[PDB]
Amino acid sequence: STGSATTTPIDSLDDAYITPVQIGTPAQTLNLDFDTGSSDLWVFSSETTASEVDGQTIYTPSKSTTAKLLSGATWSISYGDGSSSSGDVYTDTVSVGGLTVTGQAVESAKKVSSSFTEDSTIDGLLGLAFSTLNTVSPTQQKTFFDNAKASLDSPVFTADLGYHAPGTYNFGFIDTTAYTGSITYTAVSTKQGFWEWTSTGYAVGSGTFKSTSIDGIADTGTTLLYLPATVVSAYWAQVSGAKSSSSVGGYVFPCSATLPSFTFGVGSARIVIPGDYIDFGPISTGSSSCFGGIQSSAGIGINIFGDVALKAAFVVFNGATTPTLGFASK
């Protein structure tokens, strides 16, 4: 089997991407944030505290003839940005882009933190990291990809995120028309439950490439590119007037600037992030200070190749017995 679904930016900054997902019988379509940095499929629901729902579409398990309470199971998750959610668990039929999994754990939110309530465009998350990170207790549950893997033509999914435009998540096949050149594959460590790999270095603008190992995670659920402070300082030093602002919470730059590109290494290959992808716009409405899309990972404890980096590439999440990651230009 295969699936193919379009993923769409939630706003003009590409802060996140939503992909329609069919849950239950008859189908209830919710727009979920596909997150290769976590491993829970959770949704706003008829069980969510009413004051914490503000425009999201909800899953109502009582209206699904295939929903079944997973008795005794609860879940609770906290994300790197400080947000969180928790609730109970149903199993139900879940389809993405024509690919159907029966008996998928659908985690129904009873509580969500304010940032989820405040984002009316995201109806939940669909985790695509390794199932060892799934938070369901007392019986950990498998991700949608883990459940579908055996049925897929090939045990892979691909992320093709757009810059200010829709893109595609494919399951079970590699669309050879969606990228240029060849795909360079690189080793993955699953020891932390993430798609964790080691970049071979970086360049800033037209500068020379610096060979240096940068361990980090391919995380579609994180907006920005978080890298070591040395790397980030070298980047922003090329932008007149850029500075790290403790009050804003990272590097800012004059909105009048033209930003240089940023290149990262994948083995001997190179992925180029155009400068425009690094502009996240005014820090507050009408400000001439703009927020940077490359930020320091110091204090986060891990480097994160988030959407800023991934949307410059066609990315293969290879879930073979020994997982690997592939990157191609596009």
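Please read every residue number as a count from 1 along the shown chain.
Including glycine, each Cβ sits where the backbone N, Cα and C put it.
Lifted from Swiss-Prot, the feature list:
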type	residues	note
DOMAIN	17-328	domain 'Peptidase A1'
ACT_SITE	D35	active site
ACT_SITE	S199	active site
DISULFID	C255-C290	disulfide bond
Among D35, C255, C290, which are recorded as recorded positions, the nearest neighbour of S199 (active site) by Cα: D35
Residue among the disulfide-bonded residues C255, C290 whose Cβ has the most other Cβ atoms within 10 Å: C290
Whole-number Å value for how far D35 (active site) lies from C255 (disulfide bond) (Cα to Cα): 30
Other CB atoms within 10 A, centred on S199 (active site): 22
Nonlocal residues around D35 (active site), in sequence order (Cβ under 8 Å, 6 or more apart): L125, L126, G127, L128, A129, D219, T220, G221
Where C290 (disulfide bond) falls in three-state DSSP terms: strand
